[PDB]
Amino acid sequence: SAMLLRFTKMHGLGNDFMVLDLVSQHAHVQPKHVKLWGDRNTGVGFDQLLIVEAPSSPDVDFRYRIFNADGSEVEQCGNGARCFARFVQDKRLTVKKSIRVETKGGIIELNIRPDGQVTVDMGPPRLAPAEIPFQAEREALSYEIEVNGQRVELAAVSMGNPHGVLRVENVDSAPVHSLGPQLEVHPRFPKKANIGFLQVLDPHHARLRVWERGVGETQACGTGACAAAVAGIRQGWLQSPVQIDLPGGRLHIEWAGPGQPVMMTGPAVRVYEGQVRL
Amino acid sequence: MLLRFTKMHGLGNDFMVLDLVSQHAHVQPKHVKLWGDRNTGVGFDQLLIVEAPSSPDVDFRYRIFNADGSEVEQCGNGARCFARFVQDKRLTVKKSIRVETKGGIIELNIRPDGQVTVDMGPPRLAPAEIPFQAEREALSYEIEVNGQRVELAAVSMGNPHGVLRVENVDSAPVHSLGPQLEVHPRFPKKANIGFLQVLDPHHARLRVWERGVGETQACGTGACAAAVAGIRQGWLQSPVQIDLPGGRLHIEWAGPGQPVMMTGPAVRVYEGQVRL
């Protein structure tokens, strides 16, 4: 029963994390704590809490768990892996550059690069509409959808959560805050969807804004960047590798095509070191 | 170099607090912007810097900065965090503190229960001072606003306030009427709009539409204005407990020309270290 817990505040392109080393510290963090610490007015303030633990499994380097500020063990945009990797390196918990980490969904493989960015294996995309889930007659590269009188062409992709991706001529003037929420809860998305607005600059470079399910516009949705790159490659607009500029900064997406994993590379930054009493 | 800071809040108005008496650092607008960002920084509503006073007859100086860089002149929540900060970091052993601020020297008192009492100064009630367009000073004014009629009190605590009485703050039209009255042409410089529910002469609930901000949850000057408005109109009697969304304040006011004394909490959240 420690007096206090040491933590590091980190962010991956503006998605901000409270990170805890529970390898070296012993404590049982209760849901109560997640909710107290997550509050931006009266707490530390974070999008997610990331807890690093000893591998409860062999041939794995670490375990981690991710909680949102409301206490639930959900991680929509999948950027926490990069903060984890930079954290265990920065805190000298490992000298490995290729790290295998046990997570809720399975095993994440990641690699820390010499320039300090982190490449994360995000798994293959799911493209069959009913699996996304999305209502359509058959799998297609693009779907026509009627949204309160507007006909939109939307690609639908799952990175483990549902995404719809629409191409825009101009990401800065795109209707993110108007059409985002209309598509997010469209009946054809029975579990709702993250909605990406994708501006193609050339086959290897795009700009992206994402309306995140349940949240609104975010600085950098990793799985959204993955989905948008996949959607653009499938339609021939993009070719791997794709540099994707988000409001929070730049991600690099690699995808060799159907059935192959999407690889996401980007930065993760330390903001400050903190101590919070239990 | 590595700077120590403390995160505090007063009724959910959250502060990064820096002791630059014991630490030597040149903090420039660029740092305030970087640290104040909620996505990439510490995250705060305001940065409070504690520094050495210019007068040896004053205990401390502080400066308060918004996340966007601009400096604040008076901030009741910040004064309460400042007081508990200098006490708990052992920078003073006094309970009655005088501090140099951008708006003059203010007197603070740390109570035995750990809350802090701030001298907020007297209210200004004449319309020209608010500023508020009115024929004469009055306890309340009837306003025609977009086909509606509203009765509000107008008070200045250094900034303008309009205060409306409501039967229940939870059903008050804070998001509807708030912005309509905020920019009403009879408030030349806009106004903070308070919605006041009287429980008894000594107890009330409040919600505040802050000008150029919206519903704020922790507007201490709004609580002062609402208590003053209610006391002048006889619905309340000093001292008044004011329940805001962020928590409870206690207001004392002896009447016209006398300062409003505001008492509330200040809470330490965590300790941090940031590279400058």
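Please treat every number below as a calculation from the coordinates, not as lab data. Positions of Cβ are backbone-derived with ideal geometry, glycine not excepted, and every protein chain shown enters the neighbour counts.
List of remarks:
- Qualifying residue in the range B:165-182 (condition: touching a residue at least 60 places away in the same chain (Cβ under 8 Å) and under 24 Å from B:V116 (Cα atoms)): no
- Restricting attention to the range B:253-267, the residues being crowded, with 17+ Cβ neighbours inside 10 Å and either more than 15 Å from the chain's Cα centre (by Cα) or facing chain A (nearest Cβ under 10 Å) (or both) number 2.
- Yes/no for B:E151 being more than 17 Å from B:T221 (Cα to Cα), assigned to a strand (DSSP E or B) and in contact with a strand residue (DSSP E or B) (Cβ under 6 Å, 6 or more places away or on another chain): yes
- Scanning the range B:167-214 for residues being closer than 18 Å to B:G230 by Cα, within 22 Å of the chain's Cα centre (by Cα) and in a strand (DSSP E or B) gives a total of 14.
- Within the range A:82-118, tally of residues that are touching a residue at least 60 places away in the same chain (Cβ under 8 Å) and touching a helix residue (DSSP H, G or I) at 6+ places or on another chain (Cβ under 7 Å): 1
- Residue within the range B:239-251 that is out of contact with any strand residue (DSSP E or B) (no Cβ under 9 Å at 6 or more places or on another chain) and surrounded by fewer than 22 Cβ atoms within 10 Å (Cβ to Cβ) present: no
- Some residue of the range A:73-81 being surrounded by fewer than 21 Cβ atoms within 10 Å (Cβ to Cβ), under 22 Å from A:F189 (Cα atoms) and not basic (K, R): yes
- Hits in the range B:8-32 - residues which are within 14 Å of chain A (Cβ to nearest Cβ) and not β-branched (V, I, T): B:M8, B:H9, B:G10, B:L11, B:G12, B:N13, B:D14, B:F15, B:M16, B:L18, B:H31
- Hits in the range B:1-18 (condition: touching a strand residue (DSSP E or B) at 6+ places or on another chain (Cβ under 6 Å) and crowded, with 19+ Cβ neighbours inside 10 Å): B:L3, B:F5, B:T6, B:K7, B:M8, B:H9, B:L11, B:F15, B:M16, B:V17, B:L18
- Inspection of the range A:36-55 finds a residue satisfying the criterion of being within 14 Å of another protein chain (Cβ to nearest Cβ) and acidic (D, E).
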